[PDB]
Amino acid sequence: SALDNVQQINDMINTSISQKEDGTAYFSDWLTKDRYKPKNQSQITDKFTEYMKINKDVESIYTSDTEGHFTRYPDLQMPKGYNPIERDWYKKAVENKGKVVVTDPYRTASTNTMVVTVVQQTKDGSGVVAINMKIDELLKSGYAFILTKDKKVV
Amino acid sequence: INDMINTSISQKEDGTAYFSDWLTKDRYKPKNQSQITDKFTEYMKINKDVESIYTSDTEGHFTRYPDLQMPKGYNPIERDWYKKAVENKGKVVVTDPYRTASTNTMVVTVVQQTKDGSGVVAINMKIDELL
């Protein structure tokens, strides 16, 4: 009963994150060294615009190549000193050698908003692509409501 | 199960709402055909539960991903998906189940006339895939 309910909710969450994995899988193939050239930046923005406008549960989509050429939709002003290559989303993607990762919750550099990030290094290793979801919007992924006892799993 | 289905359909409505804005008389020019195909390729590759995405302008210029061979005499403007969209004046429609002209597969179609009325865009889901 109560366990049936929590498992529906847990399925709604992992389905949502699994759909984001389909986004990073596509961009992992499409994003190449060639696409990271400055003259091609409008192509990345156009594809990110499409992705965001059809996925109304998404906070943002962004990529960096290995040189820190960073593209985000929406195109917010990033803080002075922002370095995508030094963020854990980027490092964890590179660590997983092209396998998709789902991060712990953290606050964005851009707005200090609490998000989960689905992130993946590109097939050719030229970059990392990432999709943010606000915790608030969300409510294999590794996320689940689980019975606890003084915050201890049972 | 009614929730699983309607969640799926509403997501497809977000797709038709985007393409209803982006598809214009200008985008239906032959010089922009690659742009439609590229955006449809992106949409399909992200949305694993989708059978196809297609559009026709008012002149029957038809673009489908995947690009299946359509039957001889196929006329998108005489299909109910197209007529129902035009009837609903740019408000999104979900059809009753029907068998596709392309493969005789049972689908439901989410369909929408473009903002400028130059065309209709549509997304098929297999009944099989819904259940």
# chains A, B, ... in the order shown; residues from 1 in each chain; ligands from 1
$ residues_around --residues "residue 7 of chain A" --least-positions-apart "6" --cutoff "10 Å" --atoms "only C-alpha atoms" --output "ChimeraX atom specification"
/A:1,13,144-146
$ closest_atom_pairs --of "chain A" --to "chain B" --cutoff "12 Å" --atoms "only C-alpha atoms" --output "JSON lines"
{"residue": "A:8", "atom": "CA", "partner": "B:4", "partner_atom": "CA", "distance": 10.6}
{"residue": "A:11", "atom": "CA", "partner": "B:4", "partner_atom": "CA", "distance": 10.9}
{"residue": "A:12", "atom": "CA", "partner": "B:4", "partner_atom": "CA", "distance": 9.4}
{"residue": "A:15", "atom": "CA", "partner": "B:4", "partner_atom": "CA", "distance": 10.8}
{"residue": "A:16", "atom": "CA", "partner": "B:7", "partner_atom": "CA", "distance": 11.1}
{"residue": "A:18", "atom": "CA", "partner": "B:46", "partner_atom": "CA", "distance": 10.7}
{"residue": "A:19", "atom": "CA", "partner": "B:46", "partner_atom": "CA", "distance": 7.6}
{"residue": "A:20", "atom": "CA", "partner": "B:46", "partner_atom": "CA", "distance": 8.4}
{"residue": "A:21", "atom": "CA", "partner": "B:46", "partner_atom": "CA", "distance": 8.7}
{"residue": "A:22", "atom": "CA", "partner": "B:46", "partner_atom": "CA", "distance": 5.2}
{"residue": "A:23", "atom": "CA", "partner": "B:46", "partner_atom": "CA", "distance": 5.3}
{"residue": "A:24", "atom": "CA", "partner": "B:46", "partner_atom": "CA", "distance": 8.7}
{"residue": "A:25", "atom": "CA", "partner": "B:46", "partner_atom": "CA", "distance": 8.1}
{"residue": "A:26", "atom": "CA", "partner": "B:46", "partner_atom": "CA", "distance": 6.4}
{"residue": "A:27", "atom": "CA", "partner": "B:42", "partner_atom": "CA", "distance": 9.1}
{"residue": "A:28", "atom": "CA", "partner": "B:46", "partner_atom": "CA", "distance": 11.7}
{"residue": "A:29", "atom": "CA", "partner": "B:45", "partner_atom": "CA", "distance": 10.7}
{"residue": "A:30", "atom": "CA", "partner": "B:42", "partner_atom": "CA", "distance": 9.4}
{"residue": "A:43", "atom": "CA", "partner": "B:38", "partner_atom": "CA", "distance": 10.7}
{"residue": "A:44", "atom": "CA", "partner": "B:42", "partner_atom": "CA", "distance": 11.9}
{"residue": "A:46", "atom": "CA", "partner": "B:39", "partner_atom": "CA", "distance": 9.3}
{"residue": "A:47", "atom": "CA", "partner": "B:39", "partner_atom": "CA", "distance": 7.6}
{"residue": "A:48", "atom": "CA", "partner": "B:42", "partner_atom": "CA", "distance": 10.3}
{"residue": "A:49", "atom": "CA", "partner": "B:18", "partner_atom": "CA", "distance": 9.9}
{"residue": "A:50", "atom": "CA", "partner": "B:18", "partner_atom": "CA", "distance": 7.5}
{"residue": "A:51", "atom": "CA", "partner": "B:43", "partner_atom": "CA", "distance": 8.0}
{"residue": "A:52", "atom": "CA", "partner": "B:18", "partner_atom": "CA", "distance": 9.9}
{"residue": "A:53", "atom": "CA", "partner": "B:18", "partner_atom": "CA", "distance": 6.4}
{"residue": "A:54", "atom": "CA", "partner": "B:14", "partner_atom": "CA", "distance": 5.1}
{"residue": "A:55", "atom": "CA", "partner": "B:14", "partner_atom": "CA", "distance": 7.3}
{"residue": "A:56", "atom": "CA", "partner": "B:14", "partner_atom": "CA", "distance": 7.7}
{"residue": "A:57", "atom": "CA", "partner": "B:11", "partner_atom": "CA", "distance": 10.0}
$ residues_around --residues "residue 115 of chain B" --least-positions-apart "2" --cutoff "12 Å" --atoms "only C-alpha atoms" --output "list in words"
residues 16, 17, 18, 19, 20, 21, 22, 23, 24, 25, 85, 86, 88, 89, 90, 91, 92, 112, 113, 117, 118, 119, 120 and 121 of chain B
$ write_last_selection --atoms "N, CA, C and O atoms" --output "mmCIF file, in the first residue's frame"
data_model
loop_
_atom_site.group_PDB
_atom_site.id
_atom_site.type_symbol
_atom_site.label_atom_id
_atom_site.label_comp_id
_atom_site.auth_asym_id
_atom_site.auth_seq_id
_atom_site.Cartn_x
_atom_site.Cartn_y
_atom_site.Cartn_z
ATOM 1 N N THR B 16 4.808 19.467 -30.254
ATOM 2 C CA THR B 16 3.991 20.148 -31.294
ATOM 3 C C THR B 16 3.944 21.647 -31.010
ATOM 4 O O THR B 16 3.974 22.411 -31.974
ATOM 5 N N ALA B 17 3.917 22.076 -29.755
ATOM 6 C CA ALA B 17 3.883 23.527 -29.417
ATOM 7 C C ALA B 17 5.159 24.204 -29.923
ATOM 8 O O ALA B 17 5.067 25.271 -30.555
ATOM 9 N N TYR B 18 6.317 23.586 -29.702
ATOM 10 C CA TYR B 18 7.615 24.077 -30.242
ATOM 11 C C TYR B 18 7.588 24.150 -31.773
ATOM 12 O O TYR B 18 7.938 25.175 -32.347
ATOM 13 N N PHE B 19 7.277 23.041 -32.440
ATOM 14 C CA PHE B 19 7.285 22.970 -33.926
ATOM 15 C C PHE B 19 6.186 23.876 -34.526
ATOM 16 O O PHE B 19 6.445 24.418 -35.613
ATOM 17 N N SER B 20 5.067 24.118 -33.834
ATOM 18 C CA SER B 20 3.978 25.034 -34.292
ATOM 19 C C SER B 20 4.489 26.467 -34.384
ATOM 20 O O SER B 20 3.914 27.216 -35.192
ATOM 21 N N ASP B 21 5.481 26.819 -33.559
ATOM 22 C CA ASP B 21 6.137 28.152 -33.552
ATOM 23 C C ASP B 21 7.212 28.181 -34.624
ATOM 24 O O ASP B 21 7.241 29.133 -35.443
ATOM 25 N N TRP B 22 8.091 27.189 -34.583
ATOM 26 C CA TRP B 22 9.277 27.142 -35.470
ATOM 27 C C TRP B 22 8.884 26.900 -36.939
ATOM 28 O O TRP B 22 9.510 27.484 -37.785
ATOM 29 N N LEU B 23 7.905 26.049 -37.245
ATOM 30 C CA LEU B 23 7.507 25.820 -38.664
ATOM 31 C C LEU B 23 6.732 27.032 -39.176
ATOM 32 O O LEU B 23 5.695 27.321 -38.639
ATOM 33 N N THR B 24 7.282 27.729 -40.163
ATOM 34 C CA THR B 24 6.700 28.916 -40.846
ATOM 35 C C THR B 24 6.799 28.721 -42.358
ATOM 36 O O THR B 24 7.545 27.821 -42.767
ATOM 37 N N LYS B 25 6.117 29.566 -43.136
ATOM 38 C CA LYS B 25 6.183 29.583 -44.621
ATOM 39 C C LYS B 25 7.660 29.581 -45.030
ATOM 40 O O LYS B 25 8.035 28.823 -45.932
ATOM 41 N N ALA B 85 -6.359 18.972 -37.400
ATOM 42 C CA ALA B 85 -5.448 20.059 -36.950
ATOM 43 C C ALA B 85 -5.970 21.402 -37.459
ATOM 44 O O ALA B 85 -6.095 22.323 -36.659
ATOM 45 N N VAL B 86 -6.213 21.496 -38.762
ATOM 46 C CA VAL B 86 -6.698 22.733 -39.438
ATOM 47 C C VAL B 86 -8.054 23.123 -38.827
ATOM 48 O O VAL B 86 -8.282 24.338 -38.615
ATOM 49 N N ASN B 88 -9.031 22.637 -35.814
ATOM 50 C CA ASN B 88 -8.797 23.145 -34.438
ATOM 51 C C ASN B 88 -7.956 24.429 -34.415
ATOM 52 O O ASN B 88 -7.566 24.818 -33.322
ATOM 53 N N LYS B 89 -7.712 25.061 -35.561
ATOM 54 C CA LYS B 89 -7.177 26.446 -35.676
ATOM 55 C C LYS B 89 -5.933 26.643 -34.783
ATOM 56 O O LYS B 89 -5.835 27.689 -34.140
ATOM 57 N N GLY B 90 -5.003 25.691 -34.741
ATOM 58 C CA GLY B 90 -3.705 25.849 -34.061
ATOM 59 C C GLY B 90 -3.740 25.377 -32.626
ATOM 60 O O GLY B 90 -2.691 25.454 -31.947
ATOM 61 N N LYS B 91 -4.886 24.888 -32.161
ATOM 62 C CA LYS B 91 -4.992 24.206 -30.854
ATOM 63 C C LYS B 91 -4.635 22.741 -31.078
ATOM 64 O O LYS B 91 -4.967 22.182 -32.142
ATOM 65 N N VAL B 92 -3.907 22.175 -30.131
ATOM 66 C CA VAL B 92 -3.353 20.808 -30.254
ATOM 67 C C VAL B 92 -4.520 19.819 -30.198
ATOM 68 O O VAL B 92 -5.482 20.091 -29.482
ATOM 69 N N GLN B 112 -1.005 19.476 -34.597
ATOM 70 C CA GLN B 112 -1.158 20.918 -34.367
ATOM 71 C C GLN B 112 -0.842 21.661 -35.658
ATOM 72 O O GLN B 112 0.225 21.458 -36.229
ATOM 73 N N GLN B 113 -1.747 22.540 -36.056
ATOM 74 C CA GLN B 113 -1.472 23.532 -37.108
ATOM 75 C C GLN B 113 -0.452 24.536 -36.576
ATOM 76 O O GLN B 113 -0.500 24.859 -35.390
ATOM 77 N N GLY B 117 -0.344 29.211 -39.841
ATOM 78 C CA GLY B 117 -1.231 28.350 -40.660
ATOM 79 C C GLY B 117 -0.584 27.791 -41.940
ATOM 80 O O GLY B 117 -1.321 27.294 -42.823
ATOM 81 N N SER B 118 0.734 27.862 -42.089
ATOM 82 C CA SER B 118 1.432 27.354 -43.301
ATOM 83 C C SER B 118 1.490 25.817 -43.293
ATOM 84 O O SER B 118 1.794 25.260 -44.336
ATOM 85 N N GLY B 119 1.224 25.149 -42.173
ATOM 86 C CA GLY B 119 1.443 23.698 -42.100
ATOM 87 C C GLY B 119 0.828 23.074 -40.873
ATOM 88 O O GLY B 119 0.187 23.792 -40.049
ATOM 89 N N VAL B 120 0.973 21.756 -40.795
ATOM 90 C CA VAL B 120 0.538 20.920 -39.641
ATOM 91 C C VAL B 120 1.705 20.014 -39.262
ATOM 92 O O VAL B 120 2.298 19.411 -40.162
ATOM 93 N N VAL B 121 1.985 19.895 -37.974
ATOM 94 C CA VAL B 121 3.059 19.003 -37.456
ATOM 95 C C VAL B 121 2.368 17.961 -36.585
ATOM 96 O O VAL B 121 1.359 18.296 -35.923
#
$ residues_around --residues "segment 124-136 of chain A" --least-positions-apart "4" --cutoff "6 Å" --atoms "only C-alpha atoms" --output "ChimeraX atom specification"
/A:33,58-66,114-120
$ write_last_selection --atoms "N, CA, C and O atoms" --output "CSV table (one decimal), in the first residue's frame"
chain,number,residue,atom,x,y,z
A,33,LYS,N,34.7,17.7,-31.8
A,33,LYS,CA,35.7,18.7,-31.9
A,33,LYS,C,35.3,19.7,-32.9
A,33,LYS,O,35.4,20.9,-32.7
A,58,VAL,N,13.0,21.0,-17.4
A,58,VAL,CA,14.5,21.1,-17.4
A,58,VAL,C,14.9,22.5,-17.0
A,58,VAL,O,14.3,23.5,-17.5
A,59,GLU,N,15.9,22.7,-16.1
A,59,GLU,CA,16.4,24.0,-15.7
A,59,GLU,C,17.4,24.6,-16.7
A,59,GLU,O,17.3,25.9,-16.9
A,60,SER,N,18.2,23.8,-17.3
A,60,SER,CA,19.2,24.2,-18.3
A,60,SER,C,19.9,23.0,-19.0
A,60,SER,O,19.7,21.9,-18.4
A,61,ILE,N,20.5,23.3,-20.1
A,61,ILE,CA,21.4,22.3,-20.7
A,61,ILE,C,22.7,23.1,-21.1
A,61,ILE,O,22.5,24.3,-21.5
A,62,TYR,N,23.8,22.5,-20.9
A,62,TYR,CA,25.1,23.2,-21.1
A,62,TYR,C,26.2,22.2,-21.5
A,62,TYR,O,26.0,21.0,-21.3
A,63,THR,N,27.2,22.7,-22.2
A,63,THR,CA,28.4,21.9,-22.5
A,63,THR,C,29.7,22.7,-22.3
A,63,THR,O,29.6,24.0,-22.5
A,64,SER,N,30.8,22.1,-22.0
A,64,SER,CA,32.2,22.6,-22.2
A,64,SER,C,33.0,21.6,-23.0
A,64,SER,O,32.8,20.4,-22.7
A,65,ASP,N,33.8,22.1,-23.9
A,65,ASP,CA,34.9,21.3,-24.4
A,65,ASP,C,36.1,21.4,-23.4
A,65,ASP,O,35.9,22.0,-22.3
A,66,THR,N,37.2,20.7,-23.7
A,66,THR,CA,38.4,20.5,-22.8
A,66,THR,C,39.1,21.9,-22.6
A,66,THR,O,39.8,21.9,-21.6
A,114,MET,N,19.3,24.7,-6.3
A,114,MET,CA,19.5,23.2,-6.0
A,114,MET,C,19.0,22.4,-7.2
A,114,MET,O,17.8,22.5,-7.5
A,115,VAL,N,19.9,21.6,-7.8
A,115,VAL,CA,19.6,20.8,-9.0
A,115,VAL,C,20.2,19.5,-8.8
A,115,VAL,O,21.2,19.3,-8.1
A,116,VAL,N,19.7,18.5,-9.6
A,116,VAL,CA,20.4,17.3,-10.0
A,116,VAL,C,20.9,17.4,-11.4
A,116,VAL,O,20.1,18.0,-12.2
A,117,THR,N,22.1,16.9,-11.7
A,117,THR,CA,22.7,17.0,-13.1
A,117,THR,C,22.9,15.6,-13.7
A,117,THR,O,23.5,14.8,-13.0
A,118,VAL,N,22.3,15.4,-14.9
A,118,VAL,CA,22.7,14.3,-15.7
A,118,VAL,C,23.8,14.7,-16.7
A,118,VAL,O,23.6,15.7,-17.4
A,119,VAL,N,24.9,14.0,-16.7
A,119,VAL,CA,26.1,14.5,-17.4
A,119,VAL,C,26.8,13.3,-18.1
A,119,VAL,O,26.8,12.2,-17.6
A,120,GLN,N,27.5,13.7,-19.2
A,120,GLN,CA,28.1,12.6,-20.0
A,120,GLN,C,29.2,13.3,-20.9
A,120,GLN,O,29.0,14.3,-21.5
$ select_by_dssp --residues "chain B" --states "helix (DSSP H, G or I)" --output "MDAnalysis selection string"
chainID B and resid 2:22 30:46 76:78 80:87 127:130
$ residues_around --residues "segment 77-86 of chain A" --least-positions-apart "2" --cutoff "9 Å" --atoms "only C-alpha atoms" --output "list in words"
residues 63, 64, 65, 66, 67, 68, 69, 70, 75, 88, 89, 90, 91, 109, 110 and 111 of chain A
$ atom_distance --atom1 "atom CA of residue 109 of chain B" --atom2 "atom CA of residue 83 of chain B"
12.5 Å
